[PDB]
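Student: Shown below is the structure under consideration.
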Amino acid sequence: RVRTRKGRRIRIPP
């Protein structure tokens, strides 16, 4: 999946 934080995108596994 691809979550989002600090108005930014991140990648981590599913």
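Numbering starts fresh at 1 for the residues of each chain in the structure tokens, the chains themselves are lettered A, B, ... in the order given, and ligands are numbered from 1 as they appear.
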Going by DSSP on the backbone, which residues of chain A come out as strand (DSSP E or B)? List them as a list in words.
Tutor: residues 4, 5, 8 and 9 of chain A
Student: For the residues in that selection, give me C-alpha atoms as a CSV table (one decimal), in the first residue's frame.
Tutor:
chain,number,residue,atom,x,y,z
A,4,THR,CA,0.5,9.7,3.0
A,5,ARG,CA,2.1,11.9,5.6
A,8,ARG,CA,3.7,13.8,1.1
A,9,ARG,CA,3.5,10.3,-0.4
Student: Residues at most 9 Å from residue 14 of chain A, counting only C-alpha atoms, excluding those fewer than 2 positions away in the same chain, as an mmCIF file with C-alpha atoms, in the first residue's frame?
Tutor:
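Just written: part06.cif:
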data_model
loop_
_atom_site.group_PDB
_atom_site.id
_atom_site.type_symbol
_atom_site.label_atom_id
_atom_site.label_comp_id
_atom_site.auth_asym_id
_atom_site.auth_seq_id
_atom_site.Cartn_x
_atom_site.Cartn_y
_atom_site.Cartn_z
ATOM 1 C CA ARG A 1 0.000 0.000 0.000
ATOM 2 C CA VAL A 2 0.937 3.656 -0.292
ATOM 3 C CA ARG A 11 5.711 3.602 -0.033
ATOM 4 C CA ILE A 12 5.726 0.604 2.277
#
